[PDB]
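Take a look at this single chain in structure tokens; it is the form deposited in one PDB entry.
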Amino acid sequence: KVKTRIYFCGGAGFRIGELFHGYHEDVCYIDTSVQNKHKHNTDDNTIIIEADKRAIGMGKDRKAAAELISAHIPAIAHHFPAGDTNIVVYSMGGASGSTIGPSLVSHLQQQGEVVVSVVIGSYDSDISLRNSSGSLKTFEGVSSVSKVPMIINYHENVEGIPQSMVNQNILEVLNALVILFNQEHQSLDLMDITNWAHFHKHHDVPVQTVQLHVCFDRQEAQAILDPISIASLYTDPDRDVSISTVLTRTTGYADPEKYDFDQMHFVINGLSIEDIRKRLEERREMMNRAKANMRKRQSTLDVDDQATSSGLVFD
């Protein structure tokens, strides 16, 4: 098994993967569109799921995408087998990443794998907000069905903010995660990472969506409310000090000769998910208000009008 398999799904996943290229060898790409392919997509690392016969995307139709892709998931998972750790990357407001991604997480978690999702919330229209809300609900559904808390590292496409800034934050996270999982750190074993992610095995906590916060100093980790499970890396072992009360804690000692960071923390909590739910709820309340206030014009047809079988009408 590879140490870390990264699954880049849908357009956002493809774009992030193109930016991330060279930072990790064991990556793969799954989409419903050939258009999203770029210079780093090969026949060996990419699966394009064709619809009855073309691959032109799903255009934010989450239900259609799910109908298409669901039956292909076992084959895809067989083709790109799980790593010791697994990272799945996709947008929430689209159609393909937000179905392929969570479907892969569900399949992988049912096999007992360790999985983290890196995801993007959006709400630039009624349909994409509907998609992001469905995706948030999906995380909860996948947590329930796979019986393993679904871990999401969440990024919002804040209306008005250049997506390039969100992409950069995501790359920083993917880089940090790859280091965390690289199996080179003293005192940090594979089962240590496994039980950090699968903390539900040892604690009376709800099996539900949890949020992963990648923190680059002590103070950022400290700010995370009600932490459930924390993995910490130090280049100086003498700095290994528990930050706050936490259910599971695991630490690794990174080579200070190789690494120019003091410490990194990967903090899982549950509470922060509520902030996402609340944010989408508020956007939904605005959207429904706007919808309900849209003016509906009278038909241009009179009751005295006649139409031909093609729809031609003569005045």
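Just so we're on the same page, rigid core means the largest C-alpha set that superposes within 1.5 Å between forms. Residue numbers run from 1 along the displayed sequence. Only residues modelled in both forms are compared.
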(request) Between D43 and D44, count the deposited residues left without coordinates and pick a bin: none, 1 to 3, 4 to 9, 10 or more. (result) none
(request) Please work out which of 280-288 and 27-35 has the higher mean CA B-factor as recorded in the PDB entry. (result) 280-288
(message) Please compare 57-65 with 250-258 and say which has the higher mean C-alpha temperature factor in the record.
(response) 250-258
(message) Highest Cα temperature factor in the entry, among the options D238, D124, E113, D189: which one is it?
(response) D238
(request) For the C-alpha B-factor as written in the entry, point me to the maximum among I268, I48, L271, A51. (result) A51
(message) Please place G17 in the lowest, middle or highest third of its chain according to the CA B-factor in the PDB entry.
(response) middle
(request) Sorting the chain's modelled residues by C-alpha B-factor, tell me whether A307 ends up in the lowest, middle or highest third. (result) middle
(message) How does the C-alpha B factor of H203 compare with the rest of the chain: lowest, middle or highest third?
(response) highest
(request) Would you mind checking where the Cα B-factor of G160 ranks among the modelled residues of its chain, as the lowest, middle or highest third? (result) highest
(request) Would you please rank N195 by its C-alpha temperature factor against the other modelled residues of its chain and give the third it falls in: lowest, middle or highest? (result) lowest
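Form deposited in another entry: not shown, discussed below.
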(message) With the two forms fitted on the rigid core, I'd like to know which residue in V34, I47, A64, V246 is displaced by 2 angstroms or more at its CA between this form and the one not shown.
(response) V246
(message) Please determine whether the C-alpha atom of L280 is displaced by 2 Å or more between this form and the one not shown following superposition on the rigid core.
(response) yes
(request) Report the direction of the Cα distance change between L271 and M92 in the other form, compared with the displayed form, as closer or farther; the change is 3 Å or more. (result) closer
(request) Mind checking the CA-CA distance of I152 and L271 in the other form? It differs by 3 Å or more from this form, so is it closer or farther? (result) closer
(request) Using the rigid core for the fit, write out the stretches of 3 or more consecutive residues with CA shifts of 2 Å or more between this form and the one not shown, ordered by sequence. (result) 53-59, 239-248, 271-275, 280-295
